[PDB]
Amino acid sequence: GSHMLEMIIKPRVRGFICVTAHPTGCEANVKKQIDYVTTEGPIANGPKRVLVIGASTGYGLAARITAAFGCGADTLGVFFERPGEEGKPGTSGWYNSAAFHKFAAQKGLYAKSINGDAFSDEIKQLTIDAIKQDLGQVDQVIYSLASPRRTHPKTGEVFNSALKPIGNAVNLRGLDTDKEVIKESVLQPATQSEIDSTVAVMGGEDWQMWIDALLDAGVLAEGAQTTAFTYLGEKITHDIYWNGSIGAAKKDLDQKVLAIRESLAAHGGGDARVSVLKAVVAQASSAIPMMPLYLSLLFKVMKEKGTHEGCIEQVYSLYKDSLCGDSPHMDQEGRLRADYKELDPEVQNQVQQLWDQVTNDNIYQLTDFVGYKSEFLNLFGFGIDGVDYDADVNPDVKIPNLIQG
C-alpha cells in the first residue's frame, strides 16, 4: 500500500509561516509563470548561460524562468531548500525547483541546481565546478538571496539581521494575519551591532565574494552582467527600508555595485546594477506585520488602476526593458527600476490615505486582504486552479541534477 507513503497535503500555518507545501500546486505555479513568459514572447539578445543565486522562490525563481523560457538560457540555480519525505512535505522552493527541472528538460534546456548555503565558500566552489564542467562560463549572475541570518565564511560568526529604525523608536501599524486585527507596535532603534549585523546579512559583501571567487576561477564571460534585487518602497515603510537597519544594508549595495560594475565593464563592456522591484507577497511577509497591511492596500489600489502584478511580470519586464532592452529605468544612483508603478504618486497618495482609515471593522471594505491571503497560500502551492487537493501525493519529489552541498 503506497497509501502509507502518500498523503493529502493541506496548509498548516504555525505562527505566521506555512510549514507545508503542495508539490502539484507548486508545479502548476511554475507552469503558470512559464506560460506567462512564452505568451508575452521571447526576449532577444539576452544571456544564454545564467547563474541565479536564490533561484527557488519569488523573484529569483522568476528570473530563472525568464532567463530560461524568455531568453532561452541554460540556467544554474543555487538555493537552500528542504526535500520532502514520507509524512513531511518539503519546502515550496524544493517543489518549485523540481517543476523547473521538469519543464526545462521538456524544452531541451539545461537545468542544474545546487542546494546549500550560498554564503559558504564550499557552495561557491561547487558552483564553479558545475560551470567549468557544463557551461564553461556564465554571462549573467542574478543575486536574489533573502535570509535572516548569515554564517560568515571566514570567521564562522553567525550574523542576524534586524528590522528596526535608526535614531528614534517608531510606531508602526500592521496587520496580524493570525488574529486578523489591525495592530500597532513600537520598534526600538537598532544598536550599532544590529546595524553591522544587518549590513553583513543583507548588504553586498557576499554578492561581491561571488564575483570575486568566480573571477579568480575564470568562469565569467566577456560583457558579463550581474544584478542584485532589492526593495526601496516609499514613505510608509521608509523608517525601516530607507533610514533603518535594512536601509543601512541597502546603502551597502549602491556602493558595491559600483566596484562590481568597474570590474565587468573592463571585461568586454559587462555591466552591474542594483535592480529595485515592487513589493510582493513572499514567504516571510506575514511575520513582518506592516507588510500584510501595506500589500493588502497596495493590491486593491493597483488593481483599480490595472497595474497589479507579481514576480514573473516584474522580472520579465526587467529583462525585456532594462537588462536586455533599450528603455532602461536608470535612477540617479545608477539603479535599474522596475517599481515605478508601485511608486506612482497617486497610488502612494491613495494607499497612504487608506493607511490612516483602515480599522478592524473595514479591513475587507478598504483593502484587498482577500487577495493577500490568496497570494500567500499560492506561494506554497495551495488554491491553484486545476489542482485536485483531495488526491493523495507522494511528498518525496526528486530532482535530477541536484547537487547537495
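One-based numbering along the sequence shown.
S.K.: Check the entry's C-alpha temperature factors for 171-179 and 74-82, then say which stretch has the higher mean.
M.R.: Higher mean C-alpha B-factor in the PDB entry: 171-179.
S.K.: Can you let me know which of the two, 135-143 or 219-227, has the higher average C-alpha B-factor in the entry?
M.R.: That would be 219-227.
S.K.: If you compare 237, 275, 296, 91, which has the highest Cα B-factor in the entry?
M.R.: So the option with the highest C-alpha B-factor is 237.
S.K.: Identify, among 320, 303, 251, 101, the residue whose C-alpha carries the highest B-factor in the deposited PDB entry.
M.R.: Spelled out: the listed residue with the top C-alpha B-factor is 251.
S.K.: By the record's CA B-factor, is residue 355 among the lowest, middle or highest third of residues in the chain?
M.R.: For residue 355, the deposited C-alpha B-factor lands in the highest third.
S.K.: Considering only modelled residues of the same chain, in which third does the CA B-factor of residue 21 rank: lowest, middle or highest?
M.R.: Bottom third by C-alpha B-factor.
S.K.: By the record's CA B-factor, is residue 378 among the lowest, middle or highest third of residues in the chain?
M.R.: Bottom third by C-alpha B-factor.
S.K.: Please place residue 400 in the lowest, middle or highest third of its chain by C-alpha B factor as given in the entry.
M.R.: Lowest third - that is where residue 400 ends up once the chain's C-alpha B-factors are sorted.
S.K.: Going by the entry, which third of its chain does the Cα temperature factor of residue 233 land in?
M.R.: For residue 233, whose C-alpha B-factor we compare with every modelled residue in the chain, the answer is the middle third.
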